[PDB]
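Q: Take a look at the following structure, please.
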Amino acid sequence: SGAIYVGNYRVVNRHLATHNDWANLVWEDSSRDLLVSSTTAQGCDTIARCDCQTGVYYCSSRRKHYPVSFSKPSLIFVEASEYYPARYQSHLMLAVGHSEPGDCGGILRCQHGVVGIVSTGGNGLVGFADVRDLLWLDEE
Ligand SMILES: NC(=O)[C@H]1CCCN(C(=O)C[C@@H]2CSCCS2)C1
Ligand SMILES: [Zn+2]
Numbered sequence: 007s008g009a010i011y012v013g014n015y016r017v018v019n020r021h022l023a024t025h026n027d028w029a030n031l032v033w034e035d036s037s038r039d040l041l042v043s044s045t046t047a048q049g050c051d052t053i054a055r056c057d058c059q060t061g062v063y064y065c066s067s068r069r070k071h072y073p074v075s076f077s078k079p080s081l082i083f084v085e086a087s088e089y090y091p092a093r094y095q096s097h098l099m100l101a102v103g104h105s106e107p108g109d110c111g112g113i114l115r116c117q118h119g120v121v122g123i124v125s126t127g128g129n130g131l132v133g134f135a136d137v138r139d140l141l142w143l144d145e146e
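Read in the deposited numbering, the sequence shown has 101 at position 95, and its numbers run on one by one without any break.
Next up, the structure:
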């Protein structure tokens, strides 16, 4: 589990969104595994607007933050899970690292801010849904 709290937005994995998220919906995209809902309180996370391909992510199944090198956002094929069939996911970045279902939602960050959240896993890989192109998260 986990979310990004930027401004009056909450960014979560679409497959983990709650009823309150759906009832306060701003934007969702199944191809990216992302959903954004509105919040009453202002958040403290800042979104990275950069070209970093190294950073650190939080792994809940280890209670640890790990440094990683990750690929550029791309269209990748992901195996079936409890939430989606096997398919292509867009704006996904892969790295070598530990990731269980329960680890989705952990933040990937660099010195500039939040880069994305854990969205896929297995066999020593971790995949992150990028948020750096969603410029509108910084306004309204
Ligand atoms: N975004 C998706 O299509 C994923 C939906 C949840 C399941 N999924 C995985 O890759 C399983 C990994 C287990 S390792 C922990 C992180 S998820 C596919
Ligand atoms: Zn950066």
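Ideal placement from N, C-alpha and C gives every residue a C-beta, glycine not left out.
Within this structure, are the beta carbons of residue 76 and residue 61 separated by less than 8 Å?
A: Cβ distance < 8 Å, so residue 76 and residue 61 count as in contact.
Q: Is the beta carbon of residue 77 within less than 7 Å of some heavy atom of ligand 1?
A: Checking every heavy atom of ligand 1 against the Cβ of residue 77, none is found closer than 7 Å.
Q: Tell me where the beta strand (DSSP E) around residue 142 begins and ends.
A: Segment: none, residue 142 is in no beta strand (DSSP E) and carries neither H nor E.
Q: Could you tell me which residues DSSP puts in a beta bridge with residue 71?
A: Answer is 64.
Q: Of the residues 141, 54, 132, which one's Cα is nearest the Cα of residue 65?
A: It is 132 whose Cα lies nearest to the Cα of residue 65.
Q: When the distance is taken between beta carbons, is residue 52 closer than 8 Å to residue 14?
A: Against a cut-off of 8 Å, the Cβ pair of residue 52 and residue 14 comes out as no contact.
Q: Terminal residues of the continuous alpha helix (DSSP H) containing residue 26?
A: That run of the alpha helix (DSSP H) goes 25-29.
Q: Output needed for residue 116: all residues of its chain with C-beta closer than 6 Å, excluding positions within five of it in sequence on either side, in chain order.
A: Cβ neighbours of residue 116 beyond the five flanking positions: 54, 58, 61.
Q: Could you tell me the distance, in whole angstroms, from the CA atom of residue 73 to the CA atom of residue 25?
A: Taking the straight line from one Cα to the other gives about 34 Å.
Q: From 134, 80, 79, 11, pick the residue whose C-alpha is nearest to that of residue 114; which is it?
A: Ranking the options by Cα distance to residue 114, first place goes to 134.
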